[PDB]
């Protein structure tokens, strides 16, 4: 079962910036939307709840699996390095047929790529994985955009639950993960 944490490995990206968009997604959701207007003081809690949504998605990448669409994006990618050079030539227009089947954007690019060079010895095979790798990062923007919409619903019941803190406060435990990074420098000279 293809798990969601694979995206962190195969793209080498961090979740934190995408989790920030997920904060905006929740602050836009109808539950929090009405809560902010109806409770102009109590909203300060759930607007401060930014590093809490972090731990929700940080667990969820390990727990949850990939979207049904994304499944074939990552599987065709990882299959191409298992697909050895003699087998890769004859099953070349077949993996291209798979891309065209789903209507994935890699269908058009990989088609032109193999029309550019059908004499795949080593160079194109390497470029096939790399060209899709970079293209899958900017595509994962949309794939994980659909994720943050679905997951929003689940943790929406979770955030309206914790909303008890603004009416009969009863607390729960949570991790504090501070990304500590700084290097000041001012090496300059002027006469």
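Listed values, structure above:
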quantity: Angle between the chain longest axis and helix 68-82 axis [Cα atoms, degrees, rounded to 10]; calculated: 40
quantity: Tensor-based shape of segment 57-191 (alpha-carbon gyration tensor, a/c under 1.5 rounded, otherwise prolate or oblate); calculated: oblate
quantity: Distance between segment 163-191 and segment 133-159 - C-alpha centres, whole angstrom; calculated: 24
quantity: CD proxy at 222 nm, helix term only [per DSSP H run n ≥ 4: -39500 (n - 2.57); per residue of the chain; nearest 500]; calculated: -21500 deg cm²/dmol
quantity: Relative contact order computed over the chain (Cα-Cα under 8 Å; 6+ residues apart), in percent; calculated: 31
quantity: Most fluctuating residue given options 74, 13, 90, as computed from a GNM of the chain linking Cα atoms under 10 Å; calculated: 90
quantity: Residue of 40, 93, 67 that the Gaussian network model of the chain assigns the largest fluctuation, springs spanning Cα pairs under 10 Å; calculated: 40
quantity: Per residue convex hull volume, Cα atoms of segment 68-140, in Å³; calculated: 79
quantity: Relative contact order of segment 68-140, pairs being alpha-carbon contacts under 8 Å that are 6 or more residues apart, as %; calculated: 33
quantity: Simple label model, 7 Å out from Cα along Cβ direction - residue 133 to residue 103, nm; calculated: 3.0
quantity: Full-extension gain in nm, residue 65 to residue 190, via 0.36 nm per residue minus C-alpha separation; calculated: 39.3 nm
quantity: Mean Cβ count within 10 Å, highest first, over the residues of peptides 110-118, 167-175, 124-132; calculated: 124-132, 110-118, 167-175
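Each value in this text was obtained by applying a stated rule to the coordinates, not by laboratory testing. Cβ coordinates were reconstructed from backbone atoms using ideal geometry, including for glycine residues, and neighbour counts include every protein chain displayed.
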